[PDB]
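Have a look at the structure below, then the notes.
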Amino acid sequence: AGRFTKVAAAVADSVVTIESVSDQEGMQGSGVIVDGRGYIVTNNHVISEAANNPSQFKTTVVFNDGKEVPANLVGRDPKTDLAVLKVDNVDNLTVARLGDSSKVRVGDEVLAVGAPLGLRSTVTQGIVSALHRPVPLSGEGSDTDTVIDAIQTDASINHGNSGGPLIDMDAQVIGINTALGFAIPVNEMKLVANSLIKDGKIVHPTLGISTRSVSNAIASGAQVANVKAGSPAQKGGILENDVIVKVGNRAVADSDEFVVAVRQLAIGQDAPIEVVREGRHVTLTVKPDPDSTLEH
């Protein structure tokens, strides 16, 4: 058996098909078993339509052996494009082994593994092409668009392996394939999954700013398109046409990195925003709000 053949074969039983059907429509993706009690991780696109219209969709999980079981949505985070499902009282689950995405390096060989029985299923191979790479993702349903800090790979990521794991050569999960490919890194997945399992929700920081990217000799970064009334940004003295170049401890190259950087701030704690305003460099202070005040 070949090098990749062995790794794909070792993790196949941890990968599942997730199917959502209404009497009008029927969509399908992959996901990975992450906990022996039957917790399954996928991306938020895969279950979005069912989560938004639960009265008309039924979600099932199909195992490598072909068993089909009903699945319940535990919680989801459109901002990180992740979701968690739960199957009840299924025995002898092959739980995926979760790696450490902070140890992943550019050039590392990977498999992007889709669920073996999915209709369009794919397994692809490549390397890690970049780390900590902000990438915009369009929201599936009425879901908000977002940006994630991704693992980039030249393994093809397509309908047939999205929601499945990105697997390293130790056959460990180093990320979740999104919907020139990108994976949500496993260290972030673990933090978001933990939260969705407990609370059924994740609370992210918000400033009330929308930005557009600017690149030139005077100041490159995320130029402020809009500031929400009453927002942390309004209260902290951020102005439209300000060019944001640093948010907290993270330099901000463009509007994509701005989105990711905000989400690394502490809720309720003062933080520096560096701005270029009418040719001058200004540091403001902002106290981020929770995006969901009642779950904070």
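For what it's worth, this note's numbering labels the leading residue of the sequence shown as 382, then goes sequentially. Idealized CB from N, CA, C, for every residue including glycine.
Rounded Cβ spacing between residue i and residue j (contact assumed at less than 8 Å)
{"i": "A493", "j": "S395", "result": "About 14 Å; that fails the 8 Å criterion."}
{"i": "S502", "j": "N424", "result": "With 8 Å as the limit, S502 and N424 do not qualify as a contact, their Cβ atoms being about 16 Å apart."}
{"i": "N445", "j": "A393", "result": "5 Å"}
{"i": "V397", "j": "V443", "result": "6 Å"}
Rounded C-alpha distance that separates residue i from residue j
{"i": "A606", "j": "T674", "result": "25 Å"}
{"i": "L466", "j": "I578", "result": "9 Å"}
{"i": "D549", "j": "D489", "result": "8 Å"}
{"i": "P671", "j": "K387", "result": "45 Å"}
{"i": "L454", "j": "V640", "result": "26 Å"}
{"i": "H677", "j": "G581", "result": "12 Å"}
{"i": "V422", "j": "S612", "result": "33 Å"}
{"i": "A614", "j": "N434", "result": "34 Å"}
{"i": "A647", "j": "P515", "result": "19 Å"}
Coarse secondary structure for residue i, derived from DSSP in three states
{"i": "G488", "result": "coil"}
{"i": "residue 325", "result": "In this structure the chain extends from 382 to 677, so residue 325 is not present and cannot be described."}
{"i": "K616", "result": "helix"}
{"i": "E400", "result": "strand"}
{"i": "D462", "result": "coil"}
{"i": "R661", "result": "strand"}
{"i": "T559", "result": "coil"}
{"i": "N434", "result": "coil"}
{"i": "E621", "result": "coil"}
Close-in-space but distant-in-sequence residues of the same chain around residue i (CB under 7 Å, 5 per side omitted)
{"i": "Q645", "result": "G629, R631"}
{"i": "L665", "result": "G617, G618, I619, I654, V656"}
{"i": "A564", "result": "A531, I532, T534, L547, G556, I557, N558"}
{"i": "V663", "result": "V656"}
{"i": "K571", "result": "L479"}
{"i": "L588", "result": "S612, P613, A614, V643, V667, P669"}
{"i": "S636", "result": "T592, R593, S594, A603"}
Option nearest residue i by Cα separation, candidates the options
{"i": "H585", "options": "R593, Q604, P669", "result": "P669"}
{"i": "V471", "options": "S612, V487, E449", "result": "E449"}
{"i": "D524", "options": "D623, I414, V427", "result": "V427"}
{"i": "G495", "options": "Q409, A647, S596", "result": "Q409"}
{"i": "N568", "options": "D481, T461, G541, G417", "result": "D481"}
{"i": "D458", "options": "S429, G541, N597", "result": "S429"}
Contacting residues, own chain, Cβ-Cβ under 8 Å from residue i (five flanking each side not counted)
{"i": "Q405", "result": "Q437"}
{"i": "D535", "result": "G507, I508, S510, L561, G562"}
{"i": "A390", "result": "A382"}
Contacting residues, own chain, Cβ-Cβ under 6 Å from residue i (five flanking each side not counted)
{"i": "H513", "result": "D530"}
{"i": "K439", "result": "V402"}
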